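Participant: A single structure is presented below for examination.
Here the Cβ positions follow ideal geometry from the backbone for every residue, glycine too, while neighbour counts run over all protein chains shown. Values quoted throughout were computed directly from the atomic coordinates according to the rules given, and no laboratory measurement underlies them.
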Amino acid sequence: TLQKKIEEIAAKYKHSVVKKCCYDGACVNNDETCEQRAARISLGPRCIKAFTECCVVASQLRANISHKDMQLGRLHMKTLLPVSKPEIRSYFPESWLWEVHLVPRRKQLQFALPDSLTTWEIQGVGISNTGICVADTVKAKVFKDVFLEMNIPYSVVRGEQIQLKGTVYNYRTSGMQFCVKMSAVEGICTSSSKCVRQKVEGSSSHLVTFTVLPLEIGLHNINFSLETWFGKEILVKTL
Amino acid sequence: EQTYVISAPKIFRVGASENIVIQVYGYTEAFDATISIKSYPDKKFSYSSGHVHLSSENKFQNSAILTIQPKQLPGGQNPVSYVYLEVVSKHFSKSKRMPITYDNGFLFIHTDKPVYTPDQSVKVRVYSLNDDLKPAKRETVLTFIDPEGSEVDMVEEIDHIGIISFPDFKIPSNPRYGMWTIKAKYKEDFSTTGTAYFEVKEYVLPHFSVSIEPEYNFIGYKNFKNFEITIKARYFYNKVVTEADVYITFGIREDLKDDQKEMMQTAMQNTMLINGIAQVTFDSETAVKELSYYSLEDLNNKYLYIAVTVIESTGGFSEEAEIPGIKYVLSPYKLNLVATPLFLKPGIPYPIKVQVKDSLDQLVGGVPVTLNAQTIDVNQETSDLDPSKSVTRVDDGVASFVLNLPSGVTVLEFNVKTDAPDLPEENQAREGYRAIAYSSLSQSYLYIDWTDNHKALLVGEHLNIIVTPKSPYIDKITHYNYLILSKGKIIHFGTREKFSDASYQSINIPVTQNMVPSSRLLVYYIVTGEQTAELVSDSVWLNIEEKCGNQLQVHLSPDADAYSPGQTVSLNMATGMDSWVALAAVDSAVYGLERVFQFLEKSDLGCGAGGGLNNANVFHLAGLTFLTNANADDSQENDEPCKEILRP
Amino acid sequence: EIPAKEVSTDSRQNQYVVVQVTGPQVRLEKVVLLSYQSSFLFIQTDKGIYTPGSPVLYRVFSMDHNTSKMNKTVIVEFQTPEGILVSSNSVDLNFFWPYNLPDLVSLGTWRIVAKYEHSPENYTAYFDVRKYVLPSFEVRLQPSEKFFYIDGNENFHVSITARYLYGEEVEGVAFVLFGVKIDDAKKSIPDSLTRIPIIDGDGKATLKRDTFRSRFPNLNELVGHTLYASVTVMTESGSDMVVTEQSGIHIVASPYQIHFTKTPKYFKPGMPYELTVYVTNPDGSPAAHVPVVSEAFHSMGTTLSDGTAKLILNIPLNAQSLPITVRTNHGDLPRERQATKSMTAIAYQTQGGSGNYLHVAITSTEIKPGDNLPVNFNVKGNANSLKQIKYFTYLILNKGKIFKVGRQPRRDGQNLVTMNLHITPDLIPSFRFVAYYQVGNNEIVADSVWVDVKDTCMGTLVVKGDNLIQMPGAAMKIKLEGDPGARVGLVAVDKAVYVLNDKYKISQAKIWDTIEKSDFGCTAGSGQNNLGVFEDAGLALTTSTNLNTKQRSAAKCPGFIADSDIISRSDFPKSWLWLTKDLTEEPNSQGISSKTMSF
Ligand SMILES: COc1cc(C(=O)O)c(NC(=O)N[C@@H](C)c2ccccc2OC)cc1OCCCC(C)C
Ligand SMILES: [Mg+2]
């Protein structure tokens, strides 16, 4: 690994001011040559030479070098970057139940849990004349064992045979049985609804494919009702 | 003989209500005294005064509550740094220079989520209390500090209820990513500050989420030869990648704030993913041979930076992951002292309780600890003790030792050391301490002993404390006098008489809702000779349970272990009295807080588990000062950034 | 060690043994009463109630300890409710067969007795047999109060919560007849039977106080007897009924009843005195959070989870008998309701009026196997006699055996000298701490204490699962995370037959109550003199100066589916999974060898 040149061409720009100019010179641009894409650089000639002399040494090192070899050099070139940018790979929704309330020794309030599969935590802080009392936390773990969700596209053109892909998931270790049916509407022309029994493996998934052909233009309504061994759940979708 | 002890807190707080306890002894004719705080250095402007009646029905003990309001102090060009606690009666007239501070109250800032993404709203509210732990009703000026240290938004709000709801801070569509900071502040008269941190991170979504979950979160002596690292990748809930291509690289790091990393350009592995899971190993010793380091003595408190790029076989996508640091640790343990004062009493046993914490703060039980001790008496003659071993118990991580010291001890030099079975004695954690005996002219001591030390005190029940003197004038002692402190305020006092010829006796004390997080108890007596008298004192630190004054509890109805997305439930709050309840429903996957009593206890003055070098050090380390005939305080009011533990 | 083979004399009379210690200038002799070999057998049946004809299958354990004559075999016997002994088998503790019940055999509480060969004691295990069906739901009866005031003015409510076995709320109708039960037979109150609409498993029955007073106006007949409530609930479809009974509600004029019985009846003058009160409920269950006082000494405490509250009393030194009085000052009660009791403590008598005492003082509660409890050795006496004592000899008596004995050095000047004692799990359920010292080679001064360790297991056993819903006939996995080398037995019992007869089952609480009745101590503390400590602890003592304890008399001291596809559910057992697993898996670092089992 790191054949000969990859260790030397990166250590030269290990503590350079234009090490980032060398880093994006070695990126794969198949339809532009080395000088053809260097002309649009405007950061001075010092960054151009760090670009080009890291660009020519990778097109040579991609002819007779392995696929396994060059994708190890993609990780060796990682230290020519600025340090790891702050990013998160999750999206946490806007936190509900954010209010204060005056409680005369007992109070009840009701609300709808949001359409999300995550384990909430409700904590309460009571400020009164005696002091502060952080209550014992409670959880609101909305957790379905077998559930579907459909990949409804955002925008369907009128007159297309749309295949509505969806996937059932089965968190349980024992594989079980299910059937999904679709609420036909007057607009949707789909190719009383029969239940055909498919079967998910344990701790796995299973694809669900419907097909529609819409005719009317607007915001329609399609209800996907997965009826597994643990009841019947209607999932309401807007196409 | 006629003496008196007038006990005040160590530092007056401006705007507080400080309790000043006066106890006089050896009197028969009842009388009165005026405790008054005068200004400095003139004694002209009297801030507040009090009147106490020292009569026989009170057992010659009373207390006035004094108060320095902020509207009577010259601000602007300076703060006031000293006052005079002055006492005048027909039998005594003393005065002491007392420092004052403006650090009044607490500010807890509570944002809902710790990590935000762009175009989301930072919800924020401030729980404001004063130093008597009640709703402060003062105006608070929030400040929003970006990573660039800029005042990007300074919003202020008035308080009426104790919970100061602020408008929601809107993270922009393009923010400055990094650690932000919210700084709360009273607008006037007080130097109280609160600080809350949150993070702004850019949202990108992966084709599959790659995690790197290694074996242990620190490497010492057993993963220094083989370190099994596991890499997992999955698209969604259960959709897992089938094949992929894994390339790993490793590097040595100094600390997580210095972002320069010296990569080991020989340890770049290459494996294959098989339906999600690949187990790789990293022989650390042979791989750190470049940038030599040669040992586990070196690389100590250094990190390992593991970068992983998993390239999917089917679609061709390449998701990256990283670990910022796995600490290359020398010994897997850290030893400290839980609730041991480093002060002796001559002729009285010395209980030592060490705690074995691992290098990421867990209470590792079953870990054999060995104690060696050395008696250095008054004549500088080191005498060795027998070594004693014990086992760290798994419930709180605390081993227990007891040394029965000889009668003429002056300095104990004891060294703890782990005796784990499968580590070398250069990779065993060790610590060394030094305990100094309590000094007193006409050598006479006090040892107060809490009965149930192991379990926390329950409010409403009764504390039972056993008091032993070790005087040569034992039959001259008449009264045991005590003081109970909580949050730097004297909340109780009293006087139990001494049973005439019982060598030691027990005091019974009720534990109330004044002393909820913890408390101190300073007991003393007065042994008078033909010379000046002397107070002989000792103190302990108590561990009263966490029982709030009106017990809030919340419930969900119906209480199931699984809900439906869209299910209407009812939240059933139920307090003990009238209260303002603040609610927050946070998605618990952000945590990967609201601990308050470990911060609300920082109003306590003085540290350690009690004890002192002389009489006045016992009063000073409990968070008290005093003025007598018998002894003087003479205590240097320096900084002393002490670091004691007191709790498992 | 004494071999039991030599002991052949008939067990209506006792046997003694002299213990003769001969050596250089040493001849000592103590005569000691014998006993038989201790052995605790426990019987575990699968379910508590059977059906005539169905086989009863049982399981016998032991607390086996070390000997060599390991040919003592267990005799297992089944007995009719009229005491007719049917079977008697010399079973083997590895693999023994069940007992098939006859088809037309008697209905009632049977017995299983298990005893060793030539052992005179046994262990009983009960099970009913009757013609029943599984009751298909379950009733929890929670009363208002644990007690019932014999002269009050308030109504008694018994709330009814009926749930199905699979955890759904029963909707139906209940019949609640109250009544006052004397020791064996019931005397009902027929004007007090009601009918409640049970709505979503909720509804309570109120016993009006005048309706009770109209039946028993003579308050002298309500002396120390129970009040029941026979609840009979029926569902809305009329499909089935169950009958429950909230019994045990006592008719007393005080909510609490205190006994001393755990505190030493002997104090030392000058030292404090550790008084362990014991506040129980009227049946015998311990009472928690009950504040007691003792107004003659201004001390007051609060009972713990085991119903004890240690008070420390500051004694005057010039007293040789101590009248004390404890009264439970509970919070929201009126003054005339609270319990009270008095006692007198007889002072320790030193060897010749010398005034040399010893107060071993253990003050630590909720002691688990695994702590280090600190124990203080307090001395008191003439300052020349305290000058010449160097060590204490402490010893630990568990299950009537000297489990451990060490020494504790006292360097001079130390009146208080303490020790950490590590509670090993061999000390469950309790132990005694006898300690002494001697001065002048002439006089020994002793003291003991009784320490209550928490009655947990000596090892561990946790059955572990995912704790969620299953389907009928699905595959399940559970984990038997236990101590290694064990022989884990197993049974899976329906809840309809578990909660129907939850009285004869074995638990860890009932196991230690059979071993805590096997120690030879008579009180829970010191004695009148230095010999009265060693007698009252279950010890013997001999000296070279001829100071001997009293003789021990006895061993107890005073569009549808096609129906070719729906496989019908047909396997309905009441108990199954009668397995025996042997944990041979590798122990983890904490010591818990786990096995995953599937079924
Ligand atoms: C940031 O620098 C790189 C980017 C990339 C990138 O994916 O854009 C890269 N990838 C890459 O070679 N793939 C291989 C499989 C390949 C081989 C042959 C033909 C086409 C290929 O690509 C589709 C390598 C890179 O640096 C390696 C050392 C160069 C330096 C040391 C001069
Ligand atoms: Mg017990």
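Participant: Need one number: % antiparallel among DSSP beta bridges in chain B, to the nearest 5. Each step should come with its number before you reach the end.
Facilitator: Details: 169 of 178 bridges.
So the antiparallel bridges in chain B amount to around 95 percent.
Participant: So how strong a dipole does the protein assembly as shown carry about its Cα centre when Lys and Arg Cβ are +1 and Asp and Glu Cβ are -1, to the nearest 20 debye?
Facilitator: Values: 147 positive and 164 negative charges, 299 e Å.
My answer is approximately 1440 debye.
Participant: Right, something else. For chain B, what is the Kirkwood estimate of the hydrodynamic radius, computed as the reciprocal of the mean inverse distance between distinct Cα atoms, to one decimal in Å?
Facilitator: Values: mean 1/r = 0.0339 Å⁻¹.
Its Kirkwood hydrodynamic radius stands at 29.5 Å.
Participant: Just how large is the dipole of segment A:4-80 about the Cα centre, in debye to the nearest 20, putting +1 at every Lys and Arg Cβ and -1 at every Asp and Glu Cβ?
Facilitator: Working: 14 positive and 8 negative charges, 58 e Å.
Dipole magnitude for segment A:4-80 comes out near 280 debye.
Participant: Using a Debye calculation, one point per C-alpha and no hydration shell, please list log10 I(q)/I(0) for the protein assembly as shown at q = 0.05 Å⁻¹ in order.
Facilitator: At q = 0.05 Å⁻¹ the computed log10 ratios are -0.58.
Participant: Can you order the peptides B:317-328, A:123-134, C:170-181 by their average number of other Cβ atoms within 10 Å per residue, highest first?
Facilitator: Numbers: B:317-328: 17.6, A:123-134: 21.9, C:170-181: 20.2.
The peptides rank, most packed first, as A:123-134, C:170-181, B:317-328.
Participant: For B:500-509, what's the mean count of beta carbons from other chains sitting within 10 Å of each residue's beta carbon? Don't jump to the answer; show the numbers that get you there.
Facilitator: Details: counts 3, 4, 9, 8, 8, 5, 10, 3, 9, 0.
Per residue, the number of nearby Cβ atoms from other chains is 6 on average.
Participant: Just rank A:67, A:206, C:298, fewest to most, by other beta-carbon atoms within 10 angstrom.
Facilitator: On the way: A:67 8, A:206 18, C:298 11.
Ranked by crowding around the Cβ, least crowded first: A:67, C:298, A:206.
Participant: Hey, another quick one. Arranged from highest to lowest average of other beta-carbon atoms within 10 Å per residue, in what order do the peptides C:438-444, C:249-255 appear? Walk me through the numbers before you get to the answer.
Facilitator: Numbers: C:438-444: 15.9, C:249-255: 19.3.
Descending packing order for the listed peptides: C:249-255, C:438-444.
Participant: Next question, about the same structure. How many percent of all Cα-Cα pairs in segment B:35-90 sit more than 12 Å apart? Display every interim value, and only then the final one.
Facilitator: Values: 1089 of 1540 pairs.
That fraction is 71 percent.
Participant: Okay, next question. So which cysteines in chain C don't have a second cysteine's C-beta under 4.7 Å from them?
Facilitator: Those would be C:457, since no other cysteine Cβ in chain C comes under 4.7 Å of theirs.
Participant: Debye sum, Cα scatterers, segment A:146-239, no solvent: what log₁₀ I/I(0) at q = 0.15, 0.17, 0.19, 0.23 1/Å?
Facilitator: Values, matching the q order: -0.59, -0.73, -0.88, -1.18.
Participant: Rounded to the nearest 20 Debye, what is the dipole magnitude of chain A about its Cα centre when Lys and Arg each give +1 and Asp and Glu each give -1 at the C-beta? Could you put the intermediate results ahead of the total?
Facilitator: Numbers: 31 positive and 22 negative charges, 135 e Å.
Value, rounded to 20: 640 debye.
Participant: Once you list every other residue whose beta carbon is under 10 Å from the beta carbon of residue A:195, what net charge do they have if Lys and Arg are +1 and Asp and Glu are -1? Don't jump to the answer; show the numbers that get you there.
Facilitator: On the way: positive: A:181, A:194, A:197; negative: A:227.
Local net charge: +2.
Participant: Rounded to whole Hz and in sequence order, give me ³J(HN,Hα) for segment B:436-450 from the Karplus expression 6.51 cos²θ - 1.76 cosθ + 1.60, θ = phi - 60°, writing x for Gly and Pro.
Facilitator: 10, 6, 5, 9, 7, 5, 6, 4, 8, 10, 9, 9, 9, 10, 6
Participant: Given B:572, B:216, B:636, which one lies farthest toward the positive end of the charge dipole of chain B, if we put +1 on the Cβ of every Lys and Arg and -1 on the Cβ of every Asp and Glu?
Facilitator: Result: B:636.
Participant: In whole Hz, what ³J(HN,Hα) sequence does segment B:11-24 give by Karplus (6.51, -1.76, 1.60; θ = phi - 60°), x for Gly and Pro?
Facilitator: Values per residue, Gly and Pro as x: 9, 5, 9, 6, x, 7, 9, 7, 8, 10, 9, 10, 10, 10 Hz.
Participant: Using only Cα atoms, figure out Rg for segment C:244-387 and give it as a multiple of 2.2 N^0.38 Å.
Facilitator: Numbers: Rg = 18.2 Å, N = 144, 2.2 N^0.38 = 14.5 Å.
For segment C:244-387, the normalised Cα radius of gyration is 1.25.
Participant: Sticking with this structure for a sec: Across every pair of different alpha-carbon atoms, what Kirkwood hydrodynamic radius in Å does segment C:204-264 reach?
Facilitator: Values: mean 1/r = 0.0660 Å⁻¹.
Over segment C:204-264, the inverse of the mean reciprocal pair distance is 15.2 Å.
Participant: Positive end of the charge dipole of segment A:4-80 (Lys, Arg +1 and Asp, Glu -1 on Cβ, about the Cα centre): tell me which of A:41, A:6, A:59 has its Cα farthest that way.
Facilitator: My answer, from the dipole projection, is A:6.
Participant: Then there's this: Fewest Cβ neighbours within 10 Å first, please rank C:256, C:36, B:25, B:294 accordingly.
Facilitator: Ordered by Cβ neighbours within 10 Å, fewest first: B:294, C:36, B:25, C:256.
Participant: Here is a further query. For segment B:297-347, just the Cα atoms, rotate onto the principal axes and tell me the three extents in Å, largest first.
Facilitator: 78, 25, 12
Participant: What average count of beta carbons from other chains do you get within 10 Å of the Cβ of residues in A:72-80?
Facilitator: 5
Participant: Of the options B:186, B:506, B:50, report the single residue whose Cα projects farthest towards the positive end of the charge dipole of chain B (beta-carbon charges: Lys, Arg +1; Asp, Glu -1).
Facilitator: B:50
Participant: Taking only DSSP H segments of four or more residues, each worth -39500 (n - 2.57), what value at 222 nm results for the protein assembly as shown once the sum is divided by all its residues, to the nearest 500 deg cm²/dmol?
Facilitator: On the way: 11 runs with 75 residues, N = 1486.
Estimated from H runs of four or more residues: -1000 deg cm²/dmol.
Participant: I want the local charge near residue A:43. Using Cβ-Cβ distances under 12 Å, sum +1 for each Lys or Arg and -1 for each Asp or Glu among the other residues. Each step should come with its number before you reach the end.
Facilitator: On the way: positive: A:20, A:40, A:46, A:49; negative: A:24.
Once positives and negatives cancel, what remains is +3.
Participant: What percentages, rounded to whole numbers, describe P(r) for chain A computed over all alpha carbon pairs with 10 Å bin width beginning at zero?
Facilitator: Final binned percentages: 5, 18, 15, 13, 19, 20, 7, 1.
Participant: Sum up the charges of everything whose Cβ sits under 9 Å from the Cβ of residue C:171, counting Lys and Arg as +1 and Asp and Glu as -1, but leave residue C:171 out. Each step should come with its number before you reach the end.
Facilitator: On the way: positive: none; negative: C:169, C:200, C:236.
Net local charge, residue C:171 excluded: -3.
Participant: List, in order, the whole-Hz ³J(HN,Hα) value for each residue of segment B:50-56 obtained from phi through the Karplus relation with A = 6.51, B = -1.76, C = 1.60 and θ = phi - 60°; use x for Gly and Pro.
Facilitator: x, 9, 10, 10, 9, 10, 6
Participant: Per-residue mean of other chain beta-carbon atoms within 10 angstrom of the beta-carbon, peptide B:232-243? Working shown, then result.
Facilitator: Working: counts 0, 0, 0, 1, 4, 8, 8, 4, 3, 0, 0, 0.
That works out to 2 on average.
Participant: Can you give the log10 of the normalised intensity I(q)/I(0) at q = 0.08, 0.11, 0.13 Å⁻¹, computed with Debye over equal Cα scatterers of chain C?
Facilitator: Each listed q corresponds, in turn, to -0.80, -1.34, -1.51.
Participant: Sort B:115-123, C:455-463 by the packing proxy (mean of other Cβ within 10 Å over each peptide's residues), most packed first.
Facilitator: Numbers: B:115-123: 17.8, C:455-463: 13.4.
So the peptides B:115-123, C:455-463, ranked by packing, come out B:115-123, C:455-463.
Participant: Can you list the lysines whose alpha carbon sits under 28 Å from that of residue A:19, skipping same-chain ones fewer than 8 residues off?
Facilitator: A:4, A:5, A:49, A:68, A:78, A:85, B:201, B:257, B:261, B:289, B:302
Participant: I've got another one for you. Under Stokes-Einstein, with the Kirkwood radius over Cα pairs standing in for Rh, what whole-number D in µm²/s applies to segment B:471-549 at 20 °C and 1.002 mPa s? Write out the running numbers ahead of the final one.
Facilitator: Values: Rh = 14.1 Å.
So the translational diffusion coefficient is about 152 µm²/s.
Participant: Could you list B:647, A:172, B:595 in order of exposure, starting from the residue whose Cβ has the fewest other Cβ atoms within 10 Å? Don't jump to the answer; show the numbers that get you there.
Facilitator: Numbers: B:647 14, A:172 19, B:595 8.
Least to most surrounded, the residues fall as B:595, B:647, A:172.
Participant: On the first, second and third principal axes, largest extent first, how far apart are the outermost C-alpha atoms of segment A:4-80 in Å?
Facilitator: That gives 34, 30, 15 Å along the principal axes, largest extent first.
Participant: Assuming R0 = 56 Å, can you tell me the calculated FRET efficiency for the pair residue A:62 and residue C:96, based on Cβ-Cβ distance, to the nearest 0.05? Provide the component values of the computation, followed by the final result.
Facilitator: Working: r = 77 Å, r/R0 = 1.37.
Given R0 = 56 Å and the Cβ-Cβ separation, E is 0.15.
Participant: Also, I was wondering about something else. Exceeding 18 Å between C-alpha atoms, which entries from my cross-link table qualify? They are C:262/C:341; B:455/B:547; C:47/C:503; B:96/B:134; B:327/B:357; C:454/C:517. Could you put the intermediate results ahead of the total?
Facilitator: Numbers: C:262/C:341 14 Å; B:455/B:547 15 Å; C:47/C:503 11 Å; B:96/B:134 30 Å; B:327/B:357 15 Å; C:454/C:517 16 Å.
Going by Cα-Cα distance, B:96/B:134 fall outside the 18 Å limit.
Participant: Further question: For segment B:487-572, what does the relative contact order come out to in percent, with C-alpha contacts under 8 Å and a separation of six or more?
Facilitator: Working: 71 pairs, mean separation 18.0, N = 86.
Taking the mean separation of contacting Cα pairs over the length of segment B:487-572, I get 21 percent.
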